[PDB]
Amino acid sequence: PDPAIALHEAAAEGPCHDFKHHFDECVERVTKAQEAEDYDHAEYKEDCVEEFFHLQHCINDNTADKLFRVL
Amino acid sequence: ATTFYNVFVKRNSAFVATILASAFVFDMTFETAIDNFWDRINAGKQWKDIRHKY
Amino acid sequence: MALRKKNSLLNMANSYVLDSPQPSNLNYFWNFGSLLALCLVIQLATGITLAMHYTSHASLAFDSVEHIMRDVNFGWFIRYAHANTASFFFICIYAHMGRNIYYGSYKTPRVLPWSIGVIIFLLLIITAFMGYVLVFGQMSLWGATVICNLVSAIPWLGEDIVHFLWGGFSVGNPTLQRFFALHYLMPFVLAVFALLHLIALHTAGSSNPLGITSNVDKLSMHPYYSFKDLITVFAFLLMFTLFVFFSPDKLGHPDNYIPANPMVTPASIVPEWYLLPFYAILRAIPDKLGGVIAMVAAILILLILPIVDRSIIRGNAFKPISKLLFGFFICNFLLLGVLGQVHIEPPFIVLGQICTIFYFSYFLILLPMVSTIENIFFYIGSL
Amino acid sequence: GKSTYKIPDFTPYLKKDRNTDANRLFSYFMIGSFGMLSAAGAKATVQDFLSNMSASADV
Amino acid sequence: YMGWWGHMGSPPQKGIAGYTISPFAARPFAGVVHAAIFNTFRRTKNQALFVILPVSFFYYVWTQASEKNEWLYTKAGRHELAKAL
Amino acid sequence: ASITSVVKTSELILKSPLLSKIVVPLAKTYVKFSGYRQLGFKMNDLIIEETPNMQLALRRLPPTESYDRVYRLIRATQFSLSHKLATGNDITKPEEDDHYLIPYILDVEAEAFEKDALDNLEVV
Amino acid sequence: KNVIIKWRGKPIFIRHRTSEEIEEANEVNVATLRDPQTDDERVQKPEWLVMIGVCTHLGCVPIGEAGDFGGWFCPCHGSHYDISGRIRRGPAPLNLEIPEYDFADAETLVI
Amino acid sequence: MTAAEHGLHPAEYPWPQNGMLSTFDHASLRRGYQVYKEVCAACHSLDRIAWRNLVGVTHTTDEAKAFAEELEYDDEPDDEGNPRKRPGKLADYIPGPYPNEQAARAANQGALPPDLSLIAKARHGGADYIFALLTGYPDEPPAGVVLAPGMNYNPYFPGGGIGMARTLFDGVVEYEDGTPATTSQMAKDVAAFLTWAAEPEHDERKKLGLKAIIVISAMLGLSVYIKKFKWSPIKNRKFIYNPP
Ligand code: HEC
Ligand code: HEM
Ligand code: HEM
Ligand SMILES: CCCCCCCCCCCCO[C@@H]1O[C@H](CO)[C@@H](O[C@H]2O[C@H](CO)[C@@H](O)[C@H](O)[C@H]2O)[C@H](O)[C@H]1O
Ligand SMILES: CCCCCCCCCCC1=C(C)C(=O)C(OC)=C(OC)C1=O
Ligand code: FES
């Protein structure tokens, strides 16, 4: 299988754990907010792109070299 | 040194002839040297290295 | 009498490149003149070569540049050499202008070579702008559009002039073919003005870093400056090599590898880096015509340096306050450059306006004040 | 200071073997090498550059 | 303001004796190591403030501006961005 | 700016006790940081000379002053091209930094400015 | 929805404006408008905003639906056009030009 | 601008060709061609590449002629002036999947797949962007993202919504050299191949650059010696002044 799957998972649980938790908490909040009614007629709809970027940027920093080493 | 000066350097005609002949030799040898060096540092990567499979 | 002096033709060469009497103390900042001549020669050689393979018709232009890259022997080299040397031409011209401003080269008796110089700078900008359009990628097309619409700011006839410069109602084939012809011509015009500013300079000779006369102590141009020029020629060629062979696209915009599309406007249209400070100055003024005036004035204001510099002493070598002011002026010019390529967003909008005010206040307020005060300090200080 | 027949001190710069053929030959070796690389570099430049005018790959 | 060899436009010179030695008689790189270290240090030390002060000021200005701009376009900076526009 | 201007303004400052108290120390430090003395120059050696007025003033210098100026210019040019500073007696001491040229240029300019005035006289 | 038709190399924005969009456009007091015009002067048919989609500042094409007046936003220098395609904010001096267009049928317009 | 509007910036991967002295790995180039041919070529053209371009880079003359000869190209009209087809030659360009933009957009829910001949030069990031994009489709879009119809979430793409779906899955290609075709492997190979397509002079350019660096450096060293040699009489000049 794709080596990246394992490397990415390892990096999320390990060096990028703070960011993983931030993204998770964000998702929880947003899903809950979407669950609540009159969400469609709200001014500000929060997303989790920011937290996702912080996590992905982190995973990539801890993985890029390792991945290319096994291809 | 006197001899070398007198033969290759003193006359400008001789000096320019020596410089151009040296340039010719340098050009040919440097080409060959770089070719070999380039092939060693990029070993197994070039078409010439995989061509034999096809 | 030696033939080099006797024969009128040889004597003209002799007077410029051999017997020409130079100050004996020119520093390495006097080497940009010959680097600029080198860039001009490289651009002529590569440019004429590209013209042998390029097609100016809008249906073929972008493809003809790809043909040069892919099929023409060493076409990649000639293309990258031409494109990168355009950047080096601006590095050298900013250095040369920087040298001239720091050392007071614009003061009497060198007002005329300086004023011709300002025109050379305008011709370089126009040459480089038109050359960039020739690729007919996305940045090419939109660059032309926006810059050729600065003429619309001219009242009454402005819009008519724009259509006249386009040869239609938008940037298209007529514009591309005319830019090819003018891009070919402009470097010859530029070479003539470069020759004119040297002839004008020859009446006073070169200034020098101390700002005093060199009439007391002259050195022949050859062999001293010939061999000193070789050092910077090889330093230049090293820089050239690193860009052309190892990083040929570092100074460019990826969007110019997309063919021009009149419908889609690219996400961000910025000029080539060397035009960025003038573009920032334009953005600073909200008014269209205001912005255009400011942008042109930013170049033409160089013509008043001879007047606003009130110093009794030429150049900044011995003027600590002028040196500090010059440092701030140069760094502000670089900040303007950076602000030319940021998004039009807070807080860069106001910052661009402050930097624009500082740019103009150097010429109009600070240099006249500082130069007046330093005059007084030299006199009182040495009593 | 005053006498113009007392030559200023040039000992920090003077070579002892200044009149020898070996001394001159060295400096001509440097000049010659420079001329040689300039010749080889010009030849390479001219050959590669002019080759653009030979039939391109598509032709 | 400039003449030519023989009539350059110098005031009359008298009383100066000039001396030099042949390029072949001299060591071209004499004292190079001392120059490269001590001379360059002196020349650099004396000019350092004229470079450091403007560079550091404009770098600080840029740093502040770019950091604010980055912050304004985050979620946290929503309100301050709304006011700024 | 004309030497006349610079001299007149300086004299207004030197007159005012308050002004001189604050300007004279600044001017002395300016001169120290300027560092022209470290190339063996006198202040007046730095004044732009490529003007009719200054050429005339220089022609009116006494021959000895003129010969010494030539030497200081040549010496400073040699320090410049060598990237060295003056040492010892080549450094201009503050007591040697005399305004040898200022009187000559002030006379040349006096006449030049009077000529301009009188070219615009109106019989009353 | 807003369409983009090439006409003399320039883009033509054709928007099929809804009822409430037309209403939104007819609100702004003409007084406060760099280029004072009402939608009635611009369109000959309230349901067909036909404009030359070139920004009146320097000549980029505004990204539609974006803006601050929710019509068109020129990304180049940040000028905001309306649902009438009137200039509201930014360096642009004039409202987005209207071509000469006629409804031959009620289902086809010529430009 | 928001980070979303910019797109996430790709990691810097250690490509074989990164390095002043490094060529492409030609075995990777060959594998990348196979990914292009079997996956991308369904939607994307490679119009600037001719069959002759593969020869001595990725394929032998015979293999490339075989690829060309399998296709039909427009010939010159026959003697009655009727259209004719011919088999392909090495001079022919690799043919695209669609006759025009309209056909391309119709097949891709309105989106136009760009030609890939220059894509590595036409995007910030080059190979890293291509690799990051192809391998960076999350299983689920971040909570709160509203995708437009026909769009797929990919953080590397500016705005996040790209009209191209994920296409590389483990084992969509069977490499002819026995290499395991994982998503990562295929993305690496095809990114390398596309980088080659954008800059095929790459290998020769860097070797000539090495030669230039060496010669020019030597000339710079010698020019410094010669300058110092010639200038020494001026630098070493001494004066004695006796005031008249
Ligand atoms: C069946 C359709 C399809 C397949 C298969 C496909 N693509 Fe695409 N691709 C698209 C479409 C549609 C776009 C345009 C997306 C957009 O602009 O929203 C696109 C865009 C791209 C872009 C540029 C994105 C940008 O920055 O504009 C690259 C690079 C790309 N594709 C490469 C590939 C590679 C490499 C492969 C396979 C190995 C591939 N594509 C397979 C349909 C496809
Ligand atoms: C193609 C562009 C140019 C070329 C080839 C060129 C070339 C030269 C050369 C060879 C010199 C004499 C040596 C030197 O001082 O470096 C010189 C001096 C000068 N140039 Fe330029 N120049 C160009 C553009 C400009 C520009 C844009 C300006 C002014 C805005 C300018 C103003 C001057 C001045 C004032 C001098 C005299 C400086 C001095 O020696 O004190 N030049 N130029
Ligand atoms: C001062 C001299 C010159 C400057 C500063 C200059 C600048 C430029 C620039 C910036 C480009 C765009 C390059 C790119 O990104 O691809 C260009 C392209 C071009 N220039 Fe010039 N140029 C000069 C002289 C010439 C001359 C004399 C010719 C003679 C015809 C010429 C012919 C071309 C051609 C054909 C192109 C288009 C092909 C291409 O983009 O490479 N140039 N030039
Ligand atoms: C820069 C590339 C080399 C080519 C030369 C550039 C072409 C420009 C030359 C034509 C302009 C006229 O150039 C003019 O020529 C004459 C003689 O030639 C010079 O005259 C100078 O040298 C001669 C002897 O060398 C003396 O008689 C004269 O006293 C002195 O002023 C002028 O100072 C110069 O301004
Ligand atoms: C005296 C002025 C000389 C001509 C200057 C023209 C080149 C720089 C102009 C600026 C510019 C403007 C105004 C501009 O608006 C623009 O943004 C879209 C650019 O990118 C095409 C530009 O380059
Ligand atoms: S180009 Fe439309 S806002 Fe300036």
# chains A, B, ... in the order shown; residues from 1 in each chain; ligands from 1
call {"tool": "residues_around", "arguments": {"residues": "residue 91 (chain G)", "least_positions_apart": "5", "cutoff": "12 Å", "atoms": "only C-alpha atoms", "output": "ChimeraX atom specification"}}
result
/C:153,282-292,344 /G:34,55-59,73-81
call {"tool": "write_last_selection", "arguments": {"atoms": "N, CA, C and O atoms", "output": "mmCIF file, in the first residue's frame"}}
result
data_model
loop_
_atom_site.group_PDB
_atom_site.id
_atom_site.type_symbol
_atom_site.label_atom_id
_atom_site.label_comp_id
_atom_site.auth_asym_id
_atom_site.auth_seq_id
_atom_site.Cartn_x
_atom_site.Cartn_y
_atom_site.Cartn_z
ATOM 1 N N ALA C 153 -5.982 58.256 -19.174
ATOM 2 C CA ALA C 153 -6.078 59.287 -18.148
ATOM 3 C C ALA C 153 -5.921 60.682 -18.752
ATOM 4 O O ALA C 153 -6.516 61.627 -18.234
ATOM 5 N N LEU C 282 1.983 54.594 -8.263
ATOM 6 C CA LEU C 282 0.723 54.818 -8.949
ATOM 7 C C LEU C 282 -0.465 54.410 -8.072
ATOM 8 O O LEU C 282 -1.421 55.171 -7.968
ATOM 9 N N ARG C 283 -0.404 53.222 -7.453
ATOM 10 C CA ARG C 283 -1.470 52.749 -6.581
ATOM 11 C C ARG C 283 -1.739 53.716 -5.427
ATOM 12 O O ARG C 283 -2.854 53.754 -4.910
ATOM 13 N N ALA C 284 -0.705 54.439 -4.981
ATOM 14 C CA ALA C 284 -0.835 55.289 -3.805
ATOM 15 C C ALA C 284 -1.860 56.402 -4.027
ATOM 16 O O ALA C 284 -2.582 56.765 -3.105
ATOM 17 N N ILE C 285 -1.932 56.929 -5.247
ATOM 18 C CA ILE C 285 -2.852 58.020 -5.521
ATOM 19 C C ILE C 285 -4.177 57.409 -5.962
ATOM 20 O O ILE C 285 -4.189 56.669 -6.938
ATOM 21 N N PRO C 286 -5.326 57.695 -5.308
ATOM 22 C CA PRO C 286 -6.595 57.071 -5.704
ATOM 23 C C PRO C 286 -7.117 57.452 -7.095
ATOM 24 O O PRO C 286 -7.639 56.600 -7.817
ATOM 25 N N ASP C 287 -6.947 58.729 -7.474
ATOM 26 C CA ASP C 287 -7.314 59.255 -8.781
ATOM 27 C C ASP C 287 -6.488 58.601 -9.891
ATOM 28 O O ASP C 287 -5.275 58.445 -9.750
ATOM 29 N N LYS C 288 -7.152 58.272 -11.013
ATOM 30 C CA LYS C 288 -6.534 57.738 -12.215
ATOM 31 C C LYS C 288 -5.449 58.682 -12.734
ATOM 32 O O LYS C 288 -4.302 58.277 -12.891
ATOM 33 N N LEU C 289 -5.836 59.920 -13.054
ATOM 34 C CA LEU C 289 -4.901 60.845 -13.668
ATOM 35 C C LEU C 289 -3.827 61.237 -12.658
ATOM 36 O O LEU C 289 -2.655 61.323 -13.019
ATOM 37 N N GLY C 290 -4.240 61.441 -11.399
ATOM 38 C CA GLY C 290 -3.321 61.674 -10.295
ATOM 39 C C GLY C 290 -2.225 60.614 -10.255
ATOM 40 O O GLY C 290 -1.031 60.934 -10.246
ATOM 41 N N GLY C 291 -2.654 59.347 -10.287
ATOM 42 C CA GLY C 291 -1.741 58.220 -10.192
ATOM 43 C C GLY C 291 -0.740 58.208 -11.343
ATOM 44 O O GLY C 291 0.442 57.918 -11.137
ATOM 45 N N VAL C 292 -1.222 58.527 -12.543
ATOM 46 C CA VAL C 292 -0.365 58.480 -13.709
ATOM 47 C C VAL C 292 0.671 59.594 -13.614
ATOM 48 O O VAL C 292 1.858 59.355 -13.845
ATOM 49 N N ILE C 344 -3.625 44.570 -2.700
ATOM 50 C CA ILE C 344 -4.171 45.840 -2.258
ATOM 51 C C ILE C 344 -5.052 45.574 -1.042
ATOM 52 O O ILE C 344 -6.260 45.382 -1.158
ATOM 53 N N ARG G 34 -20.121 58.212 -8.368
ATOM 54 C CA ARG G 34 -19.074 58.831 -9.169
ATOM 55 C C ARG G 34 -19.634 59.151 -10.553
ATOM 56 O O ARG G 34 -19.573 60.294 -10.996
ATOM 57 N N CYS G 55 -13.152 46.587 -16.754
ATOM 58 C CA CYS G 55 -13.139 47.580 -15.694
ATOM 59 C C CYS G 55 -12.701 48.937 -16.242
ATOM 60 O O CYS G 55 -11.755 49.028 -17.025
ATOM 61 N N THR G 56 -13.380 49.988 -15.766
ATOM 62 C CA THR G 56 -13.258 51.333 -16.305
ATOM 63 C C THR G 56 -11.995 52.019 -15.794
ATOM 64 O O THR G 56 -11.646 53.090 -16.289
ATOM 65 N N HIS G 57 -11.317 51.401 -14.818
ATOM 66 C CA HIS G 57 -10.051 51.932 -14.333
ATOM 67 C C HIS G 57 -8.955 51.759 -15.383
ATOM 68 O O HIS G 57 -8.628 52.706 -16.087
ATOM 69 N N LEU G 58 -8.406 50.542 -15.497
ATOM 70 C CA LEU G 58 -7.290 50.296 -16.395
ATOM 71 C C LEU G 58 -7.614 49.246 -17.454
ATOM 72 O O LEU G 58 -7.080 49.337 -18.549
ATOM 73 N N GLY G 59 -8.412 48.217 -17.139
ATOM 74 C CA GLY G 59 -8.981 47.429 -18.220
ATOM 75 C C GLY G 59 -9.000 45.923 -17.974
ATOM 76 O O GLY G 59 -9.119 45.161 -18.931
ATOM 77 N N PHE G 73 -16.171 42.700 -8.834
ATOM 78 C CA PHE G 73 -14.992 43.263 -8.196
ATOM 79 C C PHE G 73 -13.803 43.078 -9.122
ATOM 80 O O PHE G 73 -13.461 41.952 -9.481
ATOM 81 N N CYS G 74 -13.193 44.199 -9.500
ATOM 82 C CA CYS G 74 -11.966 44.141 -10.270
ATOM 83 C C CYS G 74 -10.829 43.807 -9.314
ATOM 84 O O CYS G 74 -10.574 44.554 -8.376
ATOM 85 N N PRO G 75 -10.106 42.686 -9.534
ATOM 86 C CA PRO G 75 -9.059 42.257 -8.606
ATOM 87 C C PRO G 75 -7.788 43.098 -8.702
ATOM 88 O O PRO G 75 -6.957 43.056 -7.798
ATOM 89 N N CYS G 76 -7.660 43.859 -9.797
ATOM 90 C CA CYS G 76 -6.415 44.522 -10.169
ATOM 91 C C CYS G 76 -6.078 45.655 -9.202
ATOM 92 O O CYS G 76 -4.948 45.734 -8.720
ATOM 93 N N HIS G 77 -7.052 46.532 -8.928
ATOM 94 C CA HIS G 77 -6.820 47.652 -8.029
ATOM 95 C C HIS G 77 -7.972 47.779 -7.038
ATOM 96 O O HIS G 77 -8.034 48.733 -6.265
ATOM 97 N N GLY G 78 -8.876 46.798 -7.067
ATOM 98 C CA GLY G 78 -9.943 46.723 -6.084
ATOM 99 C C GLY G 78 -10.990 47.812 -6.289
ATOM 100 O O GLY G 78 -11.172 48.675 -5.432
ATOM 101 N N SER G 79 -11.663 47.754 -7.440
ATOM 102 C CA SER G 79 -12.818 48.600 -7.690
ATOM 103 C C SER G 79 -14.098 47.764 -7.743
ATOM 104 O O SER G 79 -14.159 46.729 -8.407
ATOM 105 N N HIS G 80 -15.140 48.246 -7.064
ATOM 106 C CA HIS G 80 -16.338 47.459 -6.833
ATOM 107 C C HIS G 80 -17.468 48.006 -7.694
ATOM 108 O O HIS G 80 -17.757 49.199 -7.645
ATOM 109 N N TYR G 81 -18.089 47.120 -8.476
ATOM 110 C CA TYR G 81 -19.229 47.481 -9.303
ATOM 111 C C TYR G 81 -20.495 46.862 -8.704
ATOM 112 O O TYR G 81 -20.396 45.906 -7.935
#
call {"tool": "residues_near_ligand", "arguments": {"ligand": "ligand 5", "cutoff": "8 Å", "atoms": "only C-alpha atoms and all ligand atoms", "output": "short mmCIF file (atom, residue, chain, number, x, y, z; two decimals) with N, CA and C atoms, in the first residue's frame"}}
result
data_model
loop_
_atom_site.label_atom_id
_atom_site.label_comp_id
_atom_site.auth_asym_id
_atom_site.auth_seq_id
_atom_site.Cartn_x
_atom_site.Cartn_y
_atom_site.Cartn_z
N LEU C 122 14.11 56.12 -19.15
CA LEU C 122 12.77 56.00 -19.71
C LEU C 122 12.76 55.10 -20.94
N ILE C 125 12.83 51.47 -19.87
CA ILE C 125 11.56 51.01 -19.34
C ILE C 125 10.65 50.66 -20.51
N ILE C 126 10.58 51.53 -21.51
CA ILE C 126 9.69 51.28 -22.63
C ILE C 126 10.17 50.06 -23.41
N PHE C 129 9.28 46.94 -21.40
CA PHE C 129 7.84 46.73 -21.34
C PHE C 129 7.36 46.08 -22.64
N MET C 139 0.60 37.15 -18.53
CA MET C 139 1.11 38.39 -17.98
C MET C 139 1.37 39.40 -19.09
N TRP C 142 -2.14 41.12 -20.24
CA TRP C 142 -2.74 41.99 -19.25
C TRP C 142 -1.82 43.14 -18.87
N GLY C 143 -0.50 42.88 -18.85
CA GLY C 143 0.47 43.95 -18.70
C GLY C 143 0.25 45.06 -19.73
N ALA C 144 0.17 44.67 -21.01
CA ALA C 144 -0.06 45.62 -22.08
C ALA C 144 -1.36 46.36 -21.82
N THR C 145 -2.45 45.63 -21.54
CA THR C 145 -3.76 46.23 -21.37
C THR C 145 -3.72 47.38 -20.38
N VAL C 146 -3.25 47.06 -19.17
CA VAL C 146 -3.30 47.97 -18.04
C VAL C 146 -2.40 49.17 -18.30
N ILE C 147 -1.20 48.92 -18.82
CA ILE C 147 -0.24 50.00 -18.97
C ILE C 147 -0.60 50.88 -20.16
N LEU C 150 -3.14 53.63 -19.22
CA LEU C 150 -2.70 54.78 -18.44
C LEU C 150 -2.81 56.04 -19.30
N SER C 268 -3.45 37.71 -9.94
CA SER C 268 -2.69 38.91 -9.61
C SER C 268 -1.81 39.32 -10.79
N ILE C 269 -2.02 40.55 -11.25
CA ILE C 269 -1.21 41.10 -12.32
C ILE C 269 -0.23 42.06 -11.67
N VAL C 270 1.04 41.67 -11.63
CA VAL C 270 2.11 42.58 -11.24
C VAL C 270 3.07 42.77 -12.41
N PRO C 271 3.76 43.93 -12.48
CA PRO C 271 4.76 44.12 -13.52
C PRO C 271 6.00 43.30 -13.19
N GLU C 272 6.94 43.30 -14.12
CA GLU C 272 8.26 42.79 -13.82
C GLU C 272 8.86 43.54 -12.63
N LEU C 275 9.92 47.27 -12.37
CA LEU C 275 8.96 48.35 -12.50
C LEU C 275 8.14 48.50 -11.23
N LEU C 276 8.37 47.64 -10.23
CA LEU C 276 7.43 47.56 -9.12
C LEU C 276 7.35 48.86 -8.32
N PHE C 278 7.47 51.96 -9.27
CA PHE C 278 6.66 52.95 -9.96
C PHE C 278 5.19 52.55 -9.94
N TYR C 279 4.94 51.24 -9.99
CA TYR C 279 3.58 50.75 -9.86
C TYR C 279 3.05 51.03 -8.44
N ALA C 280 3.87 50.88 -7.40
CA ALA C 280 3.40 51.19 -6.05
C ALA C 280 3.05 52.67 -5.91
N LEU C 282 1.98 54.59 -8.26
CA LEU C 282 0.72 54.82 -8.95
C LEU C 282 -0.46 54.41 -8.07
N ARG C 283 -0.40 53.22 -7.45
CA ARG C 283 -1.47 52.75 -6.58
C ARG C 283 -1.74 53.72 -5.43
N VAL C 292 -1.22 58.53 -12.54
CA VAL C 292 -0.37 58.48 -13.71
C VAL C 292 0.67 59.59 -13.61
N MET C 295 3.32 58.79 -11.12
CA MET C 295 4.20 57.72 -11.54
C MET C 295 5.25 58.27 -12.51
N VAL C 296 4.83 59.18 -13.39
CA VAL C 296 5.75 59.75 -14.36
C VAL C 296 6.68 60.74 -13.67
N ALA C 297 6.10 61.58 -12.81
CA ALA C 297 6.83 62.53 -11.99
C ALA C 297 7.92 61.84 -11.17
N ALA C 298 7.69 60.59 -10.75
CA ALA C 298 8.66 59.87 -9.93
C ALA C 298 9.96 59.66 -10.71
N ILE C 299 9.85 59.65 -12.04
CA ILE C 299 11.06 59.53 -12.84
C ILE C 299 11.53 60.92 -13.22
N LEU C 300 10.61 61.78 -13.66
CA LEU C 300 11.06 63.07 -14.14
C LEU C 300 11.64 63.95 -13.03
N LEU G 58 -8.41 50.54 -15.50
CA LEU G 58 -7.29 50.30 -16.39
C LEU G 58 -7.61 49.25 -17.45
N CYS G 60 -8.90 45.52 -16.70
CA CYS G 60 -9.01 44.12 -16.30
C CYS G 60 -10.48 43.71 -16.38
N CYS G 76 -7.66 43.86 -9.80
CA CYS G 76 -6.41 44.52 -10.17
C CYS G 76 -6.08 45.66 -9.20
N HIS G 77 -7.05 46.53 -8.93
CA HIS G 77 -6.82 47.65 -8.03
C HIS G 77 -7.97 47.78 -7.04
#
call {"tool": "atom_distance", "arguments": {"atom1": "CA of residue 20 (chain C)", "atom2": "CA of residue 315 (chain C)"}}
result
23.0 Å
call {"tool": "closest_residue", "arguments": {"among": "E:81, E:68, E:7, E:21", "to": "ligand 4", "atoms": "only C-alpha atoms and all ligand atoms"}}
result
E:7
call {"tool": "interface_residues", "arguments": {"of": "chain D", "to": "chain C", "cutoff": "12 Å", "atoms": "only C-alpha atoms", "output": "mmCIF file with N, CA and C atoms, in the first residue's frame"}}
result
data_model
loop_
_atom_site.group_PDB
_atom_site.id
_atom_site.type_symbol
_atom_site.label_atom_id
_atom_site.label_comp_id
_atom_site.auth_asym_id
_atom_site.auth_seq_id
_atom_site.Cartn_x
_atom_site.Cartn_y
_atom_site.Cartn_z
ATOM 1 N N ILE D 31 49.077 35.643 -17.542
ATOM 2 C CA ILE D 31 48.472 36.346 -18.660
ATOM 3 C C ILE D 31 48.083 35.347 -19.747
ATOM 4 N N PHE D 34 45.071 33.223 -18.911
ATOM 5 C CA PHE D 34 43.886 34.038 -19.004
ATOM 6 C C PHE D 34 43.479 34.165 -20.465
ATOM 7 N N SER D 38 40.108 32.588 -22.160
ATOM 8 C CA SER D 38 39.279 33.517 -22.905
ATOM 9 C C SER D 38 39.083 33.021 -24.343
ATOM 10 N N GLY D 41 36.793 29.875 -24.080
ATOM 11 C CA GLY D 41 35.461 30.338 -23.726
ATOM 12 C C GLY D 41 34.773 31.036 -24.895
ATOM 13 N N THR D 45 31.443 29.739 -26.822
ATOM 14 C CA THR D 45 30.331 30.669 -26.872
ATOM 15 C C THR D 45 29.882 30.816 -28.321
ATOM 16 N N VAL D 46 30.834 31.101 -29.212
ATOM 17 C CA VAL D 46 30.542 31.354 -30.612
ATOM 18 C C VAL D 46 29.927 30.111 -31.251
ATOM 19 N N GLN D 47 30.500 28.941 -30.975
ATOM 20 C CA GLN D 47 30.031 27.720 -31.607
ATOM 21 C C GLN D 47 28.608 27.396 -31.159
ATOM 22 N N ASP D 48 28.348 27.501 -29.852
ATOM 23 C CA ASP D 48 27.039 27.120 -29.347
ATOM 24 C C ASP D 48 26.018 28.122 -29.841
ATOM 25 N N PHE D 49 26.366 29.398 -29.734
ATOM 26 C CA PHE D 49 25.456 30.453 -30.111
ATOM 27 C C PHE D 49 25.113 30.399 -31.598
ATOM 28 N N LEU D 50 26.115 30.288 -32.477
ATOM 29 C CA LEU D 50 25.830 30.325 -33.908
ATOM 30 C C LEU D 50 25.063 29.097 -34.375
ATOM 31 N N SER D 51 25.117 28.018 -33.596
ATOM 32 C CA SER D 51 24.468 26.793 -34.020
ATOM 33 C C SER D 51 22.954 26.992 -34.110
ATOM 34 N N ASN D 52 22.425 28.061 -33.498
ATOM 35 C CA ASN D 52 21.002 28.348 -33.584
ATOM 36 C C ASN D 52 20.605 28.503 -35.049
ATOM 37 N N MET D 53 21.570 28.827 -35.903
ATOM 38 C CA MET D 53 21.222 29.136 -37.275
ATOM 39 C C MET D 53 21.220 27.892 -38.151
ATOM 40 N N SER D 54 21.758 26.788 -37.635
ATOM 41 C CA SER D 54 21.672 25.512 -38.323
ATOM 42 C C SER D 54 20.245 24.980 -38.192
ATOM 43 N N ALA D 55 19.812 24.094 -39.102
ATOM 44 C CA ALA D 55 18.451 23.559 -39.116
ATOM 45 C C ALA D 55 18.016 23.097 -37.730
ATOM 46 N N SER D 56 16.861 23.596 -37.297
ATOM 47 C CA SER D 56 16.309 23.271 -35.995
ATOM 48 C C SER D 56 15.751 21.853 -36.026
ATOM 49 N N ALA D 57 15.471 21.290 -34.844
ATOM 50 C CA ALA D 57 15.059 19.897 -34.705
ATOM 51 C C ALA D 57 13.799 19.583 -35.517
ATOM 52 N N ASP D 58 12.874 20.540 -35.609
ATOM 53 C CA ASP D 58 11.628 20.325 -36.322
ATOM 54 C C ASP D 58 11.881 20.275 -37.831
ATOM 55 N N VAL D 59 12.874 21.023 -38.315
ATOM 56 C CA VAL D 59 13.333 20.932 -39.690
ATOM 57 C C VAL D 59 14.243 19.694 -39.777
#
call {"tool": "residues_around", "arguments": {"residues": "region 45-55 of chain E", "least_positions_apart": "6", "cutoff": "7 Å", "atoms": "only C-alpha atoms", "output": "PyMOL selection string"}}
result
chain C and resi 323-324+327-328+331
call {"tool": "interface_residues", "arguments": {"of": "chain E", "to": "chain A", "cutoff": "12 Å", "atoms": "only C-alpha atoms", "output": "PyMOL selection string"}}
result
chain E and resi 71+73-76+78-79
call {"tool": "select_by_dssp", "arguments": {"residues": "region 36-238 of chain H", "states": "alpha helix (DSSP H)", "output": "ChimeraX atom specification"}}
result
/H:36-38,51-54,61-69,101-106,127-135,183-198,202-235
call {"tool": "interface_residues", "arguments": {"of": "chain H", "to": "chain D", "cutoff": "12 Å", "atoms": "only C-alpha atoms", "output": "count of residues only"}}
result
44
